[PDB]
Structure formats: structure tokens, C-alpha cells
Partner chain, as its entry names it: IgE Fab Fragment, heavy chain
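Taking the form deposited without its partner chain, here's one chain by itself in C-alpha cells.
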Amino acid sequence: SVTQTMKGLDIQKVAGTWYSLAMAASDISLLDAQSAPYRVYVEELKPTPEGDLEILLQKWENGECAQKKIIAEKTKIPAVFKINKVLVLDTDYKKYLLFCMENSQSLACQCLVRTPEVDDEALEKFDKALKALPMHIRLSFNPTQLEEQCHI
């Protein structure tokens, strides 16, 4: 599984606007196509007062880019949420957030960033985090693509 988790995570401080700067997955089929199952682009995190996590994302399907609203239910553990588990690996709230989704084992991780900008330090932390994980596909987006619906 994923052996890395943010201690003392303040879910309220991750609210707002994020960009899916990089994505990686255990299996090529999870991200290879615009419509692959883990090819989802984060737009906004809406934490509830009850401590759950409403996610706004983009997902390409039936040939166009759909906006989708998902709920990740809090758990026993603070850096873990359920839909499929969502684990928050690391974040500084103001610049970057790393997270992984795992089922059952299918696994996908992203480097979220606050601005439409290539952040090398945050890409570095993502790479370090991935070293320990059995990834077979990695994608990254350029600033033009970050400002486009479904990163086209």
C-alpha cells in the first residue's frame, strides 16, 4: 500500500482552487486515455463543517469534459477519506498537495498545486513519494494545459 501520510492535517486549510500538475498510476490503463478511469482533474476542494471533503473535478467522458461533484467521507484517521481510499501524503496548504487513491491493487497519485505554474520542488516531493510505489505511468501538464478544461 501507500506508507506516507500528512501528520496533523488541517482539512479546512486545503479548501479552494487546485491544479492537477502531475499524475501517476500502478497500471498504464488507469491514465493512458483522456477517458481512462483515474484521469480526473481536481478544480476545487470544499471541506464540510462535519469534516467530509466535497471535490469538484473535470472528467472527459462520452467525448466531452464533464464537471463532476464527489464526496470523500472522513474516517477513523485524519489524512484518510473514503468514496476507494484517498490518502493525503503531504501538503503546505499554500503551494502543493500530494495525494493517492487506492482501491481493493489499482493506485493513482497526483501533485496538486495552487497556481498554473510548473513547481519543481513540488514535482521533486512527488517523485520522492512515488519512488516507494509500483507506478508504470506518469503524466505532467504544462501551464497552457492547466488553464484548459480537461487539460487539453
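Numbering follows the first chain given and starts at 1.
Note that the form deposited with its partner chain bound isn't included here; everything after this is about it.
Novice: Under a 4.5 Å heavy atom criterion, is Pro116 part of the interface with its partner chain in the deposited complex?
Specialist: Although its partner chain is absent here, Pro116 would touch it in the deposited complex, with heavy atoms inside 4.5 Å.
Novice: Would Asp52 count as touching its partner chain in the deposited complex under a 4.5 Å heavy atom rule?
Specialist: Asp52: no contact with its partner chain in the deposited complex.
Novice: Quick one: does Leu97 come within 4.5 Å of its partner chain in the deposited complex, counting heavy atoms only?
Specialist: Taking the distances in the deposited complex, the answer for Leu97 is no, it never comes within 4.5 Å of its partner chain.
Novice: Using 4.5 Å between non-hydrogen atoms, is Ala122 touching its partner chain in the deposited complex?
Specialist: No.
Novice: For the stretch 127 to 152, return the residues whose heavy atoms include at least one within 4.5 Å of its partner chain in the deposited complex, in the order they occur.
Specialist: The stretch touches the partner through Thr144, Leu146, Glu147, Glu148, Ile152.
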